[PDB]
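Convention: sequence-line order gives letters A, B, ...; per-chain numbering from 1. In what follows, every heavy atom counts, from backbone to side chain, and hydrogens, waters and symmetry copies are set aside.
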Number of protein chains: 4
Amino acid sequence: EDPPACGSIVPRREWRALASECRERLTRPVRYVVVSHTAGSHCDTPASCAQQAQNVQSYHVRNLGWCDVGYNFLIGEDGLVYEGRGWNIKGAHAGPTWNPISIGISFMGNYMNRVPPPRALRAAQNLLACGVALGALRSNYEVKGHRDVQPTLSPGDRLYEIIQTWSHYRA
Amino acid sequence: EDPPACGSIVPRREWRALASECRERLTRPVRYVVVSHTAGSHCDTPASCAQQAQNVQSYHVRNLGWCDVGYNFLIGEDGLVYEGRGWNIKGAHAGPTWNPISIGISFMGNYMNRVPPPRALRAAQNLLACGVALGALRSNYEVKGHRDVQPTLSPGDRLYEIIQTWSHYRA
Amino acid sequence: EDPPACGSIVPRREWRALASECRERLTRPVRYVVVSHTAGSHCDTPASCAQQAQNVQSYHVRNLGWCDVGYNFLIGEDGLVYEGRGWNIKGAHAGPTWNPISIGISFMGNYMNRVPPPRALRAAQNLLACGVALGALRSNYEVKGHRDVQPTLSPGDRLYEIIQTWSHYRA
Amino acid sequence: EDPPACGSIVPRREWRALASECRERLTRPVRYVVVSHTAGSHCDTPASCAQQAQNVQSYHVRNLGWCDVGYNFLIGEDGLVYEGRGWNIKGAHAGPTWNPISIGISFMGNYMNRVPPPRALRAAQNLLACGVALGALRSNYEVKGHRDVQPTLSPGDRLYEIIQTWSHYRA
Ligand SMILES: CCCCCCCCCCC[C@@H](O)CC(=O)N[C@H]1[C@@H](OP(=O)(O)O)O[C@H](CO)[C@@H](O)[C@@H]1OC(=O)C[C@H](O)CCCCCCCCCCC
């Protein structure tokens with residue numbers, strides 16, 4: 001209901017996203033945020049991360065047959081947030097119980113033995129705070145690791161350990 | 001433990017800043033924002049921009065003898081904001097009349113004949129939105145171009161025309 | 001030696017509960033039962049207790065912003081049990097230590113200056129025997145008063161005095 | 001450059017507190033203040049009020065097995081503030097979401113149909129101003145009633161009505 005700008009998000013067109021065919025909406029405010037890792041290549045420049053977002057969406061859309069990249073937002077090691085399905089569209093990232101009731105954000109990389117740099121972590125958390133400001137997320141949203149809702153190594157041991165320390169984390 | 005503050009700002013230690021010796025505090029909520037360009041080299045990756053921030057500060061501190069880089073914040077073409085003097089400390093970027101009453105943000109590069117990429121412009125807006133949320137800048141803050149308050153070409157013809165289109169800009 | 005059937009419980013749909021957003025599961029057989037009072041208005045008819053359960057849930061969901069009414073079950077003075085989060089879902093009634101290991105049942109009304117009627121006490125006892133029969137509760141489950149595990153007057157002096165006499169109460 | 005600022009809080013030692021065993025810290029400046037009532041009896045002389053602080057602490061530590069009395073501060077009707085976990089240690093007064101991000105002040109008494117006397121309201125307001133002066137609370141901290149964040153009658157209808165008029169109150 002409120003107006004103002006918040007965070008910086010690389011818009012779909014900027015990373016050359018194929019148009020989205022998704023139409024199923026999320027009911028705001030969303031209560032849950034599920035953090036995953038793509039378990040794909042990482043990137044650390046805006047040019048390489050735009051390409052990585054395009055690659056992940058390519059895989060989801062072209063190979064998995066989904067209506068769009070599965071994540072609502074992707075986070076690059078360049079410290080930028082990449083617009084996925086966005087705040088209003090149900091994503092495909094955490095199974096049928098979780099997809100309809102959460103926002104999925106994914107760090108582009110494999111964090112089993114590596115951590116995302118502080119800039120990626122800041123972008124992620126700042127994105128969530130913007131979500132709250134926009135009324136897209138509940139002021140009391142809860143952040144979970146992908147492994148807290150599905151059997152998976154995601155978001156990677158190292159990254160999971162870090163999100164466990166976030167303010168809104170509730171396993 | 002505790003949430004990283006808004007604006008996804010690269011902290012001064014992250015860009016290896018020399019310690020500041022500045023002491024003068026700004027009285028918040030600050031009314032003005034002055035946008036400048038560094039008229040120096042630009043950079044388009046976190047690694048090159050952290051180095052550029054370091055270079056700009058080195059010049060101000062080592063050569064000009066200042067207590068810190070003069071800008072409150074620097075904006076890189078990597079789409080990230082670099083912490084300079086910050087929200088609370090008076091900068092040295094717009095002269096004696098403006099320094100005490102504004103936050104000076106400087107785009108790293110020379111914008112006389114080229115524009116900052118959208119990600120750099122987005123980073124600048126994210127930052128200002130964050131200053132308002134923080135209480136650092138008043139809600140109805142006013143943006144001024146550096147040339148509007150000191151005799152200079154900064155922030156560069158091309159960046160100057162863009163800022164003139166900002167809702168908070170005031171001639 | 002095989003699964004039977006108990007439970008004279010009023011289904012959520014019947015009391016027109018808002019849908020639950022809770023998903024964390026309790027581990028059966030649950031060892032503990034925490035008895036609280038809603039400290040609010042009591043009701044002595046199915047029509048009024050269905051609305052009272054709705055009001056209590058409204059407070060938790062609408063005002064406190066929770067995923068569901070915090071209790072696993074609510075007990076009315078009409079002698080009926082109202083389905084809250086139920087046997088399988090972690091409630092929100094006794095804090096972080098006790099919620100994961102207990103079923104929280106709450107008597108609807110204030111039992112500081114009142115005892116619940118015999119029919120409400122029978123409802124509660126019958127519910128717990130049902131939980132043991134279903135394997136939801138350990139056969140030797142321990143009953144705690146809310147005030148024994150959190151700082152509160154709950155479940156009210158009168159009710160507290162009553163539960164301290166129960167076979168299953170464990171100081 | 002003046003050492004003494006605000007304060008005049010009855011130190012633990014003085015109300016004869018059992019040594020705290022809590023070590024989890026809050027991060028200053030703290031954004032939220034949650035006002036509760038102890039829900040029991042009041043005290044209106046320094047002698048009585050100090051006995052009560054001991055009593056509340058006794059319940060939390062001896063009975064509930066807590067590391068210290070749960071509140072950061074207690075307000076006596078004797079017009080004095082009683083030191084609890086203090087400005088820096090995470091309390092146990094508003095649940096797992098609020099505890100790590102707020103300062104819990106509890107008026108010693110039950111204010112459902114009795115309002116705290118002016119000297120207790122002054123004590124409380126002065127402590128908060130003190131908090132801000134010290135950097136312990138943010139200048140724009142928000143006050144919430146206990147019942148705004150937890151299912152409880154605390155801080156009492158009478159005291160709740162009064163705090164909703166406070167400058168910093170925000171439901
Ligand atoms: C610490 C001791 C406090 C003393 C308690 C005194 C007794 C009176 C209150 C009843 C306690 C009961 O609520 C306990 C409870 O259920 N706790 C939290 C939690 O338990 P878990 O086991 O951790 O899941 O279960 C849930 C998960 O984490 C959660 O619901 C519970 O408490 C919370 O964390 C939720 C917050 O209390 C409410 C959050 C939003 C409040 C709405 C305020 C709106 C203002 C807007 C703010 C921007």
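Residues in residues 138-171 of chain A take part in no disulfide bond (SG atoms under 2.5 Å apart) pair, two or more places apart or across chains. Residue pairs satisfying the salt bridge (charged side-chain N to carboxylate O under 4.0 Å, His left out) criterion with at least one member in residues 92-112 of chain A, sequence neighbours excluded, are absent. Counting only residues at least two apart or in different chains, disulfide bond (SG atoms under 2.5 Å apart) contacts with residues 71-112 of chain A are absent.
Annotation: maximal heavy-atom pairing with chain B below 4.5 Å, among A:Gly7, A:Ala123, A:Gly79, occurs at A:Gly7.
In this structure, chain A has a heavy atom under 4.5 Å from the backbone of B:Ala5, while its side chain stays farther away. Residue contact with chain A, scored on non-hydrogen atoms closer than 4.5 Å, involves the backbone of B:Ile9 exclusively.
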Interface of chain B and chain A, donor-acceptor atom pairs under 3.5 Å:
unit_1   : atom_1 : unit_2   : atom_2 : d
B:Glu1   : N      : A:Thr165 : O      : 2.5
B:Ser8   : OG     : A:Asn126 : ND2    : 2.9
B:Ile9   : O      : A:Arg122 : NE     : 3.1
B:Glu14  : OE1    : A:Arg122 : NH1    : 2.9
B:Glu14  : OE2    : A:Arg122 : NH2    : 2.8
B:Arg122 : O      : A:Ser8   : OG     : 2.8
B:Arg122 : NE     : A:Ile9   : O      : 3.1
B:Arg122 : NH1    : A:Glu14  : OE1    : 2.8
B:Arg122 : NH2    : A:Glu14  : OE1    : 3.4
B:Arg122 : NH2    : A:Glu14  : OE2    : 2.9
B:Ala123 : N      : A:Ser8   : OG     : 3.4

